[PDB]
Every structure is written in structure tokens, then in C-alpha cells.
Amino acid sequence: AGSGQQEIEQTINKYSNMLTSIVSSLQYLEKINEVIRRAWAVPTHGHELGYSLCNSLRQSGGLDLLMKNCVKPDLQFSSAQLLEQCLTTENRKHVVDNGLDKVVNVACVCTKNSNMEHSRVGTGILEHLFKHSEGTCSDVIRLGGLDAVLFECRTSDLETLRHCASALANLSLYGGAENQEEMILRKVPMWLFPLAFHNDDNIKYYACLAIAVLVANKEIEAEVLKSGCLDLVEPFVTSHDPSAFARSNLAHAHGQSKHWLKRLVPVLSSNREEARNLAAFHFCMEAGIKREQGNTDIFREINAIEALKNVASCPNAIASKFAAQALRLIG
């Protein structure tokens with residue numbers, strides 16, 4: 326077993342070669378899910394360890410293996426549970442182009458059954474599949490992915506809601522004009538209201554963030570305001586430490602992807618102050634996460650510096666201090 330937190334990389338190749346040896350037996374052990382699960386959960390290097398294991402899973406042909414055998418009944422959940430953990434930026438592109446129907450369908454049926462663990466695996470797959478493209482988000486909405494995350498919004502489990510809240514925030518960004526319109530028809534703010542008021546700071550944060558991205562589209566601004574969840578943003582940002590809430594969320598992983606933050610930049614120049622208060626609250630949260638690893642040039646690659654400067658000068662003191670500390674943590 327692996328334990329501690331040292332510079333030894335000899336642990337990675339042992340479990341990467343073991344991962345490639347089990348995959349090399351294709352023509373059910375399924376202990377690959379139990380090891381990547383704990384490989385992710387490493388305190389400080391889990392993001393470095395998990396990405397290497399999932400890369401060895403894609404480089405050895407195991408990614409194409411989980412997609413073909415997910416139609417077999419006795420191998421459905423084990424393949425989907427291992428696929429839910431290894432949906433990195435590299436593996437996710439290969440999943441969409443060849444067998445997106447096989448993966449979305451097994452994610453929908455995992456949420457329809459009364460087992461909570463199957464419900465968490467399903468929404469965990471739909472959460473990641475909403476972080477690709479507009480065409481991908483439109484296809485998942487067509488195949489029924491949007492119905493499954495909204496159907497799981499009535500749950501009581503926390504881990505399932507955390508997947509359902511994070512799925513709707515990713516769809517709000519990667520969706521676009523036509524897909525955000527579809528979310529208004531599916532009454533997404535109707536089911537984001539119970540998530541926006543959750544006592545869990547994780548569920549409340551990403552629920553409001555999804556709603557904040559939805560008022561950025563000037564065609565649906567009135568419908569998103571009808572829910573009344575934007576009036577909850579200000580008491581949150583004025584009572585939550587950005588450094589501490591960066592350690593409870595997106596500390597394990599090295600923040601959000603650059604393509605994810607690029608989609609959030611236009612929220613900084615929105616009509617509503619509550620949207621700017623939360624968008625700047627996220628970039629001030631991402632600045633320290635990026636500064637720890639030394640990749641602050643990400644914000645210059647996504648034209649986020651131009652927006653943060655216009656916000657650091659606006660009379661709104663809430664978004665002023667958040668956009669200021671972010672820029673000081675970048676350069």
C-alpha cells in the first residue's frame with residue numbers, strides 16, 4: 326500500500342505497470378477501481394498520481410475496453426465506476442468521439458436505481474461529460490443526461506448533490522446560447538433552488554455559480570432572476586475565507602482547467618453585481634491555487650487579466666477586493 330507524502334515516484338510505475346498488465350489480459374478483477382480511488386485520495390500528490398494511472402489506462406487500451414463491455418449486464422457498474430474516476434481531460438476526448446452513446450446511457454441507468462453508490466457514479470460521469478464542448482453538451486442533453494442530473498436533484502445524499510451541482514455549473518459554461526435556453530425550458534433554476542440553499546458549502550457554492558453564469562446571457566436574465574437565488578451570493582462571499590474554501594474545494598485538484606476558467610471570464614463583465622461578486626470570488630480563489638504550482642500565466646492565456654482589471658476599479662467594493670487580490674497573486 327501507499328502512504329505518506331514523499332518525492333518517491335517508484336510508487337507510480339509499480340501501479341502503472343500493474344494497471345497495464347491487468348488490461349493486457351483482454352481477449373472480473375476490477376481492483377483497478379479500488380487502487381485509483383486510493384491513488385486519487387493521496388493528500389498532496391493524488392492529482393499527480395491519479396492522472397498518471399488514468400493515462401496508463403488510456404495508453405494501454407483499457408479506456409476502449411470499459412466502453413465496449415459497458416453493454417454487458419454483469420460488467421456495467423464496475424466499468425462505469427472505474428470510468429467515473431478516470432475521466433481526465435485526455436480520456437474524456439476519446440470517450441466522446443467513438444462511444445458517447447454507450448457512456449451516457451450507462452450513466453443514466455446508474456442514477457435511475459435506488460442504490461446511492463450507483464447514483465453517485467452516474468452523476469459523476471455526467472458531471473465530467475459536461476466539460477467538453479457545445480456539441481458534446483448538446484448530445485448529452487439529447488441522450489438524456491440533463492434529465493438524469495435533474496432527476497437526482499431530489500436526492501438526500503450529499504455526494505450525489507455535489508455531483509449534480511457541479512454538473513449544472515459545467516453545463517452553464519460549456520453549453521452556449523442554445524443549451525442555456527434548453528436549461529431554462531428544463532426548469533434548471535427550479536431545481537437549482539433546493540441546491541442553492543443547502544447547508545453544505547460545496548453544494549451551495551456550485552449551485553449559485555451555475556445560476557451566476559446563467560444571468561450572463563442577456564436573453565434569459567429575467568427567467569433566472571425569478572428563482573431568487575442571486576440574493577444569496579453576497580452573504581456567502583462576505584463570510585467565507587477564500588483561502589480556506591480553496592482548501593476544502595479544488596485544493597486536492599489543482600483548481601479548474603484553463604478551458605473552464607476561460608468560460609467563466611465573461612461572467613466578470615455581467616449586468617448583475619451578484620454575478621461579478623461570485624465570479625471574482627472564484628478567480629481570487631484560483632489565483633492562490635495557481636500561484637502555489639507556479640502556473641499563473643493561465644490567466645493571461647484566457648484574457649482574464651483584462652476583465653479582472655475592469656473589476657478591480659469598479660465602485661463595487663466586494664468585487665473590487667476579490668479582483669485586486671487575484672491580480673496581486675498573478676503579477
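Just so you know, the sequence shown maps onto residues 326 to 352, 373 to 676 in the entry's author numbering. By construction, the Cβ of each residue, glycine as well, lies at the ideal position given by its N, Cα and C atoms.
Legend entry - Within 7 Å, strictly: CB atoms of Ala664 and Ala625: It is a contact, given that the beta carbons lie within the stated cut-off.
Legend entry - Cβ-based neighbour list, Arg437, same chain, cut-off 8 Å, excluding 5 preceding and 5 following: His473, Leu474, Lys476 and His477, listed in sequence order.
Inset, instruction - Please name the residue in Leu428, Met412 and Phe667 whose C-alpha comes closest to that of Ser588. - result: Here the closest residue by C-alpha is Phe667.
Legend entry - Terminal residues of the alpha helix (DSSP H) in which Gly395 lies: Under the DSSP assignment, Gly395 falls in the alpha helix (DSSP H) whose first and last residues are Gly391 to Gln404.
Inset, instruction - Please check the pair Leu488 and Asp442, which I expect to be a contact at CB under 8 Å, by giving their CB distance rounded to whole angstroms. - result: Between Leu488 and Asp442 the beta-carbon gap is near 15 Å, outside 8 Å, which marks them as no contact.
Legend entry - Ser615 to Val560 span [Cα, whole Å]: Per the coordinates, the alpha-carbon of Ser615 lies some 8 Å from the alpha-carbon of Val560.
Inset, instruction - Note down, in chain order, each residue of its chain lying with its Cβ closer than 8 Å to the Cβ of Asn414, except the 5 sequence neighbours on either side. - result: Cβ neighbours of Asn414 within its own chain (closer than 8 Å, five residues either side excluded): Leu420 and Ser424.
Inset, instruction - Rank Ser602, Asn648 and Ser401 by C-alpha distance to the C-alpha of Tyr340 and give the top, closest one. - result: Comparing Cα-Cα distances from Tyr340 to each of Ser602, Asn648 and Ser401, the minimum goes to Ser401.
Legend entry - Local Cβ density within 10 Å of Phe542, reported as buried at 16 or more and exposed below that: When all chains shown are included, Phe542 counts as exposed.
Inset, instruction - Give a yes or no on contact between the stretch 512-521 and the stretch 592-609, applying the rule of three or more CB pairs nearer than 8 Å. - result: The stretch 512-521, when compared against the stretch 592-609, does touch it at the 8 Å Cβ threshold.
Legend entry - Candidates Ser346, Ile337 and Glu375, of which the one nearest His390 by Cα: The option with the nearest alpha carbon to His390 is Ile337.
Inset, instruction - Grab the span of the alpha helix (DSSP H) containing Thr433 for me, first residue to last. - result: Here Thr433 belongs to no alpha helix (DSSP H), and DSSP marks it neither H nor E.
Inset, instruction - Indicate whether at least one CB of chain B lies closer than 7 Å to the CB of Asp502. - result: No chain B appears in this structure, which consists of one protein chain only.
Inset, instruction - Decide yes or no for the touch test of the stretch 493-505 against the stretch 519-527: beta carbon pairs closer than 8 Å, at least 3 of them. - result: Taking a cut-off of 8 Å for Cβ pairs, the stretch 493-505 and the stretch 519-527 do not touch, as fewer than three such pairs fall below it.
Legend entry - Uninterrupted alpha helix (DSSP H) stretches inside the stretch 433-520 (no shorter than 4 residues): Correct list: 434-456, 461-474, 479-488, 490-496 and 503-519.
Inset, instruction - Excluding the 5 residues preceding and the 5 following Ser511 in the sequence, name in chain order all residues of the same chain whose CB lies nearer than 7 Å to its CB. - result: Within the same chain, and ignoring the five residues on either side of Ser511 in sequence, the residues whose Cβ sits closer than 7 Å to its Cβ are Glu472 and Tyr551.
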